[PDB]
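Labels below follow one simple rule: chain letters A, B, ... track the order of the sequence lines, proteins then strands, and each chain is numbered from 1. Basis for what follows: all heavy atoms, side chains included, without hydrogens, waters or symmetry-related copies.
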Amino acid sequence: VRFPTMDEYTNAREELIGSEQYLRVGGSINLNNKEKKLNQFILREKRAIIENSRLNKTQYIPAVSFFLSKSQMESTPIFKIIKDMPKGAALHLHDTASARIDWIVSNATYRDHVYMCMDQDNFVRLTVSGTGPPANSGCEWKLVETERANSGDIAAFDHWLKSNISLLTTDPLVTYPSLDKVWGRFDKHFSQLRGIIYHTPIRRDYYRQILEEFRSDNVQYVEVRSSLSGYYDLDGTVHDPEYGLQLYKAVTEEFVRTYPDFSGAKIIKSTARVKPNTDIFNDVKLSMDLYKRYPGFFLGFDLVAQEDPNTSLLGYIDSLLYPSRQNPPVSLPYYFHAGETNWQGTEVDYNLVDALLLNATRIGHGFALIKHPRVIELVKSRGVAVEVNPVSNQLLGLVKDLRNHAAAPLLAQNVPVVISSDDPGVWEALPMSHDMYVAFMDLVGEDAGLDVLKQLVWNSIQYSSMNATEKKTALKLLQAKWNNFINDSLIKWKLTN
Amino acid sequence: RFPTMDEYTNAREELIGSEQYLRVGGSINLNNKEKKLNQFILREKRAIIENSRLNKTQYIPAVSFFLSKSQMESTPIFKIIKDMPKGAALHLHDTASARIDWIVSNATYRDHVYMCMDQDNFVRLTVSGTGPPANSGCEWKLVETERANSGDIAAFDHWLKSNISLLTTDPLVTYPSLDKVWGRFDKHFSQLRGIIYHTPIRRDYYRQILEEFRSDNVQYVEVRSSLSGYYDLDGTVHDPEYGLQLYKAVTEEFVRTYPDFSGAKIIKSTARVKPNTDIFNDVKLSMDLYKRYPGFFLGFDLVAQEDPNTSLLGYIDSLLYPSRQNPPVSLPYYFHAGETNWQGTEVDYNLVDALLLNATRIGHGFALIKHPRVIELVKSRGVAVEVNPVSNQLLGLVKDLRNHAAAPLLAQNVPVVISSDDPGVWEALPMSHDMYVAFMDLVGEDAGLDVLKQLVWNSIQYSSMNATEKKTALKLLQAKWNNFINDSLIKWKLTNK
Ligand SMILES: *[C@@H]1O[C@H](CO)[C@@H](O[C@@H]2O[C@H](CO)[C@@H](O)[C@H](O)[C@H]2NC(C)=O)[C@H](O)[C@H]1NC(C)=O
Ligand SMILES: *[C@@H]1O[C@H](CO)[C@@H](O[C@@H]2O[C@H](CO)[C@@H](O)[C@H](O)[C@H]2NC(C)=O)[C@H](O)[C@H]1NC(C)=O
Ligand SMILES: *[C@@H]1O[C@H](CO)[C@@H](O)[C@H](O)[C@H]1NC(C)=O
Ligand SMILES: *[C@@H]1O[C@H](CO)[C@@H](O)[C@H](O)[C@H]1NC(C)=O
Ligand SMILES: *[C@@H]1O[C@H](CO)[C@@H](O)[C@H](O)[C@H]1NC(C)=O
Ligand SMILES: *[C@@H]1O[C@H](CO)[C@@H](O)[C@H](O)[C@H]1NC(C)=O
Ligand SMILES: *[C@@H]1O[C@H](CO)[C@@H](O)[C@H](O)[C@H]1NC(C)=O
Ligand SMILES: *[C@@H]1O[C@H](CO)[C@@H](O)[C@H](O)[C@H]1NC(C)=O
Ligand SMILES: [Zn+2]
Ligand SMILES: [Zn+2]
């Protein structure tokens, strides 16, 4: 008889469950006594919300649309703890989508020579024109200063601007109920802001706001995708990508000199995968040059824009292999978005295969990765972190209930993962706290606590592209922040026994 | 590493080929005729996926069954799967596996059938030979009278069907939460309970399961049944052994009539809402029926909604009782387990207990991909997972079926059988709808006839037939398969004339 007594059965059961706990993200962390006090509180709070949803037969709010869950999570202790927690790094961000729309309205649209129009889809667009009103080809441009002053209600005018640009004005899962409809709205958002956010002094100040906002959410480091190109002055001068990089380098250096508690930022050049192979070839050659001349600030290259309907990595493969085929070879790092899809066995999810054959340093999303066991082996073996952006994947159509997020089985296998926010400004998310809350409540289990959070935070620095010296310094800083956070939390939640 | 495209191509195809060999069916070698059909299926699959992907429209095989049912039935892939022999349906509930149309057109035309509108405004049906039933919470009326006075009998009969089926409206819209749709599902069983437990109707309903499954080219079924409480017009209530004998006699007559049908076996099910003291008696009952009906009675299962009700651990002394006897008794178990979106809770840890108790097959295992050690145990022991994709969508575990959690199981060749669960409740065919959605949503664009063939063979190889029965059934399946291949080449004009 295998299990003659309850003790024989529970021994076997607990060993099996415990063995799985040891294998998931964070499973090897040993919390100290102060961390354990906070962990026990976090776990009591987590069990209360889950058991209420399960036994009282009501929806699990952390997993529903961000439109519905945002205001509900923000009043809760677990969210308030994650808000205070140091996050380490946000490694997957886009530079035109990472600061508040409120700042675009309250700051940028109060500058001279900003114009607005309603396009033929009934969306507001914003741009800058130094010479005069822009040509009235597809819409009638009007000076924002005049429209605001004539609105008869300035606060309502500004709120309307914000409402007409944000993807969280209504629930995207209701208003744009298909992949194509919501990506239509997402694409439109960037068209709405493109003119104003490419004007050089606004773009400079917007990048500074990214750093300020991320610091204010207790993020100490960011790596940012940027096209770098086409920043334009009031007189019409258009700058090249190297200028865009130098501009970001100077903002970043000023910021880190102001805030020693902040580790800094580095940049990845992104190009939209709707362009011909000759454009990607030129941007690859550009990236080779910037990688050589800005070591330690310019990281490498990525291809962006919607993955499903546009060009695969294989479609650009001669361009992407060009660095490695030089004599001597040139090693241009790649940070490919890859597998941001529900498709299986197609040109889209097979981008994961090409991303690994091209030696990607990290991969963006990897939503399809759990369908590719041989790619998982390579990702684990090589230490290629997967940048998981859970709110983005829900709102942009890959999943509805976030407990079905395809990164939950990755985390259960200890695939290297970092959490990030992707385009938080587009849908009114915080730099990291909302995405970290939904990862913690939806993508790991009821009995997963502070150890998961600590591991994800440490991962974001460990799998950053900092050099060894920078990384050692950043981890010492993170450890200090973490200690202060534990001590402060014990006092705040009245856990000091 | 890749000086030319040929070297890059070779590495890419080696990695993709490794994944294709690993997944379900990857080791099958198709013959020349099967390859011709395979090439047509793959051409059809690529055309529909590429149209969805490149023309930016929804992928109909993955949307709500309410919307996709009428669309898939006109397509060649569906028609091929319809004609295909399925082998076995191994996961079925006996009060939910024949057509509601038969309940209406046959059962509700029988003498002594009554109907009433309950307090939730649903029709309920029952039989009473000894006068009309007492007006306890509803007012019973003879159906024969209600029908004859309707003024439109076609509309009356259609109203009955529409008031009972869960596919009258889209459940994802009408009942848009787990608790709401399970409320509707539970209500469906309440609507039919009275009529479907009347002995001659139950007998004839079970015969209709066999007729309908045979007509969808299924040759064998294993069926969960509560067995107990069938009642006669004079009020006699029968015991579970009688219910088992009733099904045994129907099955034997069916196989005499149709030697091209392999037959059926029965699993006793009990609802997991009962006190542990009552489950103990159902385990003892199952031990006795297993001893005395070897080869027809298979074992035991616990059913009803998994999330809010009792876990396997809550019944553990009852479930361990057979193994603890002197001498031990090996009562086989077929546990529904992990039919849930929860992680790290009592519900998904039912999978651990299912394995410790040596389950022969596991029902659903939706949460299994979150449990890497349980997966390895399932693979090494050959415990088949019964995957019921339409059920999991309509009853609230997933919306886009390409997010179904069995797709990563099939990619690692976890042993899986496809089944339909409760097809009569939502107007599905015995197997062809579930096999179509598994084929179109749970494996990739490059997965063809080898996946179908493997899942069909799996349904016999992981059945509970003894070894001699399996060999007989596989010879019968092979002949059906060969006829299906030849017929398909002629029907789809593939013979290369
Ligand atoms: C962007 O703003 C426009 C202009 O206000 C909105 O269009 C209006 O939408 C309302 C609904 O509240 C319609 O009844 C009106 O007819 C529209 N007015 C005009 C002048 O066209 C539009 O809905 C906003 N779009 C978004 C996504 O918020
Ligand atoms: C089952 O049948 C009842 C009775 O016909 C339906 O009741 C009707 O419900 C609609 C609302 O959807 C009302 O407008 C009607 O007045 C109701 N009629 C009566 C006589 O009450 C009920 O909707 C049906 N339920 C389902 C799920 O189909
Ligand atoms: C269910 O809700 C009630 C209040 O409506 C509360 O008393 C009870 O604790 C809840 N159960 C759980 C497990 O949260
Ligand atoms: C906008 O930000 C710039 C740069 O920080 C600042 O100088 C200016 O005062 C701001 N405008 C408003 C209206 O606050
Ligand atoms: C990828 O990395 C390996 C090991 O460092 C190297 O030998 C190979 O050339 C690289 N391949 C490419 C395509 O850069
Ligand atoms: C997209 O639709 C057009 C017009 O119906 C059709 O010609 C084209 O072949 C479709 N594309 C694909 C890839 O199916
Ligand atoms: C119902 O089925 C029974 C038993 O198979 C059959 O004898 C009877 O004719 C059927 N009733 C109708 C209305 O078809
Ligand atoms: C499970 O099976 C093993 C191997 O057949 C056997 O030794 C063991 O006693 C069984 N356990 C239970 C709980 O029935
Ligand atoms: Zn991104
Ligand atoms: Zn079932």
Side-chain angles (χ1 to χ4, degrees), chain B residues 81-99 205-225 227 244 246-269 290 293-299 301 332 334 360-363 382-388 415-424 428-435 438 452-470 472-484:
Chain B
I81 288 177
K82 180 86 183 78
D83 291 341
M84 185 183 78
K86 316 292 190 298
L90 293 181
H91 186 118
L92 299 169
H93 296 269
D94 70 335
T95 53
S97 292
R99 280 168 64 179
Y205 185 88
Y206 176 75
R207 164 77 179 216
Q208 290 302 292
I209 298 173
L210 301 183
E211 283 185 26
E212 298 181 21
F213 275 63
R214 178 174 173 277
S215 294
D216 197 33
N217 217 358
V218 182
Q219 78 192 64
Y220 176 75
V221 294
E222 290 178 6
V223 185
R224 272 78 165 181
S225 173
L227 302 176
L244 183 71
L246 180 72
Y247 280 12
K248 196 174 179 280
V250 173
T251 311
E252 286 166 352
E253 176 57 24
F254 191 81
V255 171
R256 285 191 301 268
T257 302
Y258 301 117
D260 72 3
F261 193 81
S262 296
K265 299 186 197 295
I266 302 299
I267 298 164
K268 161 66 177 141
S269 61
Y290 182 70
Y293 293 87
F296 190 63
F297 183 87
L298 294 181
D301 193 359
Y334 294 81
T360 290
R361 296 195 302 273
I362 276 158
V383 174
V385 183
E386 302 164 327
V387 172
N388 301 272
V416 163
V417 296
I418 308 300
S419 197
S420 54
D421 210 6
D422 304 90
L429 284 164
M431 286 287 308
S432 294
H433 289 123
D434 282 89
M435 186 64 78
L452 295 166
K453 193 178 187 179
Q454 186 65 58
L455 289 170
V456 167
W457 256 249
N458 283 357
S459 71
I460 301 289
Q461 292 179 309
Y462 293 95
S463 74
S464 293
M465 297 182 195
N466 67 41
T468 300
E469 284 176 309
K470 281 179 183 179
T472 298
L474 288 179
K475 287 186 181 286
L476 180 57
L477 173 61
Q478 184 70 65
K480 295 165 178 299
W481 186 266
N482 289 342
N483 290 336
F484 154 73

- prompt: Would a 4.5 Å heavy-atom cut-off, applied to side chains only, mark B/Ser419 and B/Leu92 as touching?
  reply: yes
- prompt: So, for B/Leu476 and B/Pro259, which heavy atoms are closest and what is the spacing to 0.1 Å?
  reply: CD2-O, 4.3 Å
message: Taking B/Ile266's backbone N and O only, do any of them form a donor-acceptor pair with B/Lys268's side chain (distance below 3.5 Å, no angle check)?
response: no
message: Could you go through B/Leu210 and B/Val221, starting from their C-alpha distance and side-chain angles, then the distance that decides it, and tell me whether this counts as side chain to side chain contact (heavy atoms under 4.5 Å, CB included)?
response: CA-CA 8 Å; B/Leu210 301 183; B/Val221 294; 3.8 Å; yes
- prompt: Taking C-beta and beyond as the side chain, do B/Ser459 and B/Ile418 meet within less than 4.5 Å on heavy atoms?
  reply: no
statement: Contacts satisfying salt bridge (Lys or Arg N to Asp or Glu O under 4.0 Å) that involve residues 453-467 of chain B (not counting sequence neighbours) are B/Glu34-B/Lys453
statement: Residue set satisfying salt bridge (charged side-chain N to carboxylate O under 4.0 Å, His left out) with B/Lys480, at least two apart, ordered chain then number -> none
message: Within the structure provided, determine whether B/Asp83 and B/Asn217 are in side-chain contact (heavy-atom separation under 4.5 Å).
response: no
query: Which atom pair, heavy atoms only, marks the closest approach of B/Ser420 to B/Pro430?
result: OG-O, 2.8 Å
- prompt: Looking at B/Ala384 and B/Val417, what are the two nearest heavy atoms and their distance?
  reply: CB-CG1, 4.5 Å
Residue pair B/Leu455, B/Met435: steps toward the side chain to side chain contact (heavy atoms under 4.5 Å, CB included) verdict: CA-CA 9 Å; B/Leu455 289 170; B/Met435 186 64 78; 4.2 Å; yes
- prompt: Tell me, do B/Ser97 and B/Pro423 make a side-chain contact under 4.5 Å, heavy atoms counted?
  reply: yes
message: Could you check whether any side-chain N or O of B/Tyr205 sits under 3.5 Å from a backbone N or O of B/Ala98, counting only pairs where one atom can act as donor and the other as acceptor?
response: yes
- request: Consider only side-chain N and O atoms of B/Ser432 and B/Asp216, and report whether a donor and an acceptor are under 3.5 Å apart.
  value: yes
- request: Using ring-ring contact (aromatic ring centres under 6.0 Å, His included) as the criterion, list what pairs up with B/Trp457, not counting sequence neighbours.
  value: B/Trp481
query: Does B/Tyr220 reach the side chain of B/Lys265, with side-chain heavy atoms less than 4.5 Å apart?
result: yes
Pairing residues for B/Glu253 by the side chain to side chain donor-acceptor pair (under 3.5 Å) criterion, not counting sequence neighbours: B/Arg256, B/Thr257
- request: With sequence neighbours excluded, tell me which residues meet ring-ring contact (aromatic ring centres under 6.0 Å, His included) with B/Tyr206.
  value: B/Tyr247
task: Grab the two heavy atoms, one from B/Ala88 and one from B/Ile460, that are nearest each other, plus how far apart they are.
output: CB-CD1, 4.0 Å
Results of salt bridge (charged side-chain N to carboxylate O under 4.0 Å, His left out) for B/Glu212 - residues two or more places apart only: none
- prompt: With B/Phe296, which residues qualify under ring-ring contact (aromatic ring centres under 6.0 Å, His included), at least two apart?
  reply: none
- request: Identify the two heavy atoms, one from B/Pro85 and one from B/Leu477, that lie closest to each other, and give their separation to 0.1 Å.
  value: CB-CD1, 4.0 Å
- line: Those residues at least two apart in sequence (or on a different chain) that pass salt bridge (charged side-chain N to carboxylate O under 4.0 Å, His left out) with B/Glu222 are B/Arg361
- prompt: Does B/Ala473 offer a backbone N or O that forms a donor-acceptor pair with the side chain of B/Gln219 under 3.5 Å?
  reply: yes
- request: Answer whether the closest heavy-atom distance between the side chains of B/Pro332 and B/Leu298 falls below 4.5 Å.
  value: no
message: Does B/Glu386 form a side chain to side chain contact (heavy atoms under 4.5 Å, CB included) with B/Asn388? I'd like the steps, not just the answer.
response: CA-CA 7 Å; B/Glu386 302 164 327; B/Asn388 301 272; 4.3 Å; yes
query: B/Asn483: what forms a side chain to side chain donor-acceptor pair (under 3.5 Å) with it, not counting sequence neighbours?
result: none
field: Flag side-chain contact, heavy atom, 4.5 Å: B/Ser464 against B/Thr360
entry: yes
message: According to side chain to side chain donor-acceptor pair (under 3.5 Å), who are the partners of B/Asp421, at least two apart in sequence or on a separate chain?
response: B/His91, B/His93, B/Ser391
- line: Sorted by chain and number, sequence neighbours left out, side chain to side chain donor-acceptor pair (under 3.5 Å) with B/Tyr258 holds for none
Atom pair CG (B/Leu429) and OG (B/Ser215), whose distance is rounded to the nearest 0.5 Å: 10.0 Å
task: Kindly indicate whether the side chain of B/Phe297, heavy atoms from C-beta on, has any atom under 4.5 Å from the side chain of B/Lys248.
output: no
- request: Check salt bridge (charged side-chain N to carboxylate O under 4.0 Å, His left out) between B/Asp301 and all other residues, then give those that pass, not counting sequence neighbours.
  value: B/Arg224
message: Check B/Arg99 with B/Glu211, please: is the shortest side-chain N to carboxylate O separation under 4.0 Å?
response: no
task: Taking B/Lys470 for its side chain and B/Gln461 for its backbone only, find out whether a donor-acceptor pair lies under 3.5 Å.
output: yes
